[PDB]
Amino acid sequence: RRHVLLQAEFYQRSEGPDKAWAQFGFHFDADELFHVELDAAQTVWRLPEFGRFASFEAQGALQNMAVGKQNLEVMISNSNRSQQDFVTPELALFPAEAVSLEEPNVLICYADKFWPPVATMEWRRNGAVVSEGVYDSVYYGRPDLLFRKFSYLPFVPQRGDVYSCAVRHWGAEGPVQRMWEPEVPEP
C-alpha cells in the first residue's frame, strides 16, 4: 500500500474585519500527528502517547512562519490582491459509538470541504450552548486544497435531550447547523 506524510503550513489575513491566522502541522494520510502552538512555541501531538515515541523542535515551525508571513505579503502584491470564492462548509454530526442511554459517549461534528480555513463550532443541548469537555481540532487539509475541522462534545445520552452543532465560516452572515437526538425503540 502507499502512505503520505504531509508538512502543511498556512498563513492568512483578512482585511474587511482585520484578522490574521497561521498553522504548522504534520499529517499522516488524513490524520494529524501534531500541530505547533505558534504563540506558546509548543508541539501538540494529536494523541498524547505519540509524544513518548517521537519529538519535534517547535523552533523549526517559527522559522518557517517568518518566511510564510513574508511570502504571503509578496503574493498579495504579485496577484494584484486577487480574491478566491469562499466555499461554505458541509457539516457531519454523529456519535463515536452506538448510543446506549446513561453510557458516556462523544458527539462528533466535522465541517468539510470549506475554504478559507476559518470556522468556529457551537454546541447546543435543548437550545442552550454547552462547552464542557469540547475539543476543537486545527484545520486538516482535504482534497482540492479545502479543509476539514472536528469538534467533540462529551455527553451522557438521556431521554428528551436534543443536540445541535453550528459552524460559522468567516464569510457568511448565517450558520450551517445539524440536529441529533437518540432514537430509543419501545418493547
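In case it trips you up, residue 1 is the first one in the sequence shown, and so on.
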146-154 or 25-33, whichever carries the higher mean Cα B-factor: 25-33
Of 73-81 and 111-119, the stretch whose C-alpha atoms average the higher B-factor in the entry: 73-81
Record-listed C-alpha B factor of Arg178: chain third: lowest
Third assignment of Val167 from its chain's C-alpha B-factors: middle
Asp136, C-alpha B-factor rank within chain (lowest, middle or highest third): lowest
